[PDB]
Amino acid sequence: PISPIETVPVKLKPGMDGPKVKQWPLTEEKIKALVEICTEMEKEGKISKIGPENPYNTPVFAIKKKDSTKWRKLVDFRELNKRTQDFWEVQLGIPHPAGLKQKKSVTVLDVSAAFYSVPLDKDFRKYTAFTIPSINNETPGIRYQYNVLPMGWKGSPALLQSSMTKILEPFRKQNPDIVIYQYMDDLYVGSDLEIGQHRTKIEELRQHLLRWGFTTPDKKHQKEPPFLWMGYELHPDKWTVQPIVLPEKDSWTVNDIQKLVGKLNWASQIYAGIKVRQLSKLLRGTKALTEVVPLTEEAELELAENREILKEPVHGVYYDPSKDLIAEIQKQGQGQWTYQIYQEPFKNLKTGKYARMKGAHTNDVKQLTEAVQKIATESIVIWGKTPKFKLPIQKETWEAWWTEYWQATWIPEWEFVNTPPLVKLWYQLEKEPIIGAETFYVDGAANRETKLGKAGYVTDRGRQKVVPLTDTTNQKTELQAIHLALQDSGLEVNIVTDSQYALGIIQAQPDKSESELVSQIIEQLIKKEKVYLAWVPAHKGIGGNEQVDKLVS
């Protein structure tokens, strides 16, 4: 049945007209599936015949359903969507089972053909013109237009979600004691009422939906656990993800590996410790989805580790609002982090991972800060509050970081947890110069046209060095000059540069970098005992910097 809800006015983008795209060929089985739907759609008032006055057209096809025997109708509105007005999408996110509370009575309902029960603005309908082919030349196609929301049109999801919200709003206001998760046409309905009253409220909800033309077939009406919902399985006390089958291949293509990494990210919401860094590295620098990529040894190990984790059975629990949320993070190496969110020990609400490389140069403390931020935002989305943190970093380490780093930074209430490897600063620059330590005046210069440069130093102990450099840049030569001072100095050194750039990188205490040269400098800094690093303006005649800048000529 078509809703007596009022149509939402919709327009094309200014200046544009409608689509005009000829129909293509389809199989015998799909044309009769569509003809069954189409003449039934016409008799249910979902579509109407048109003719040649309407000059628009758009091709149509069909795909089969997870329900093995039903067919899904789709019209290729790619062109009409481009010319259709923008919408502000009302689906802001995806509900998560870890955000659910325990309920005594639970129901999952689905509205059938919800799109086809929502009417389409009458002035817009003529732009949805299409044509059903029936083989090749036996006839030209019959022409229809949509009277309801079509599958494949840009605005159909938003107009269904908005209409569903309007229809449900009376019933939500009347029953605040009943939680209704509303995803597209899928309704999760939980209550603390005994099953008798609960089922009264369901039939009441169903009758309210049907007055507005939304049918709810018993085929899609779950009343017993485990409920299938949003890809999960809802038990009374716990939830599981529906089974995750990983690809297993002798030969791997780029596209195979992309599928694998996606499955593992999805698994990581409840399977603790998933890693995808080595498998994802195999996608770098590739140039075709069908290009065969051999697994490195590191990626095999990572895959095997994930496979061990995924054969263990896991479950999440539900949210108890009268207890704190606790978030614990572990370091996995190579910029990878994993976390669990729980309220009572060894009963995770969910898990996750953070593994993004932000910036060319960074350190573990920054990345831990980023993990905390990802977790804080996720907890706001799911539970409306941030959790208490348990972090493998000492209070001394953090305090040393936010007092010697020039940007404002913070972490909310957190408790140290001793789960090695701990997050630590891998070196610290001295705030004052070091008595008795050598003083290096470093400098490097390159020529823009040349690819050519020099890096070198002078020393208060009389030491000097210059090395030629090829295919370099101005900034590289300065990093190189610092590289050699660290290379040729003892455990304690004083260094003076005129590169704001280099001082900028090194003062932020990075422990990893996308640049191999910066990585080499980091290794040298970690091996040192004390390092004071000072800056002076270039080309101003300053002793030390003067002589080395002369020398690099």
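Counting begins at 1, following the sequence as shown.
- As the entry records it, the average C-alpha temperature factor is higher for 408 to 416, out of 408 to 416 and 327 to 335.
- Higher average CA B factor: 129 to 137, of the stretches 303 to 311 and 129 to 137.
- Set against one another, the Cα B-factors of 365, 381, 193, 391 in the record reach their highest point at 193.
- The PDB entry assigns the greatest CA B-factor among 520, 68, 509, 487 to 68.
- Residue 513 sits in the lowest third of its chain by CA B factor, as recorded in the PDB entry.
- Residue 462 sits in the highest third of its chain by CA B factor, as recorded in the PDB entry.
- Ranked by Cα temperature factor within the chain, residue 499 sits in the highest third according to the deposited record.
- Among all modelled residues in this chain, the alpha-carbon of residue 75 has a temperature factor (C-alpha) in the highest third.
- For residue 150, the recorded CA B-factor ranks within the lowest third of the chain. Only modelled residues enter the ranking.
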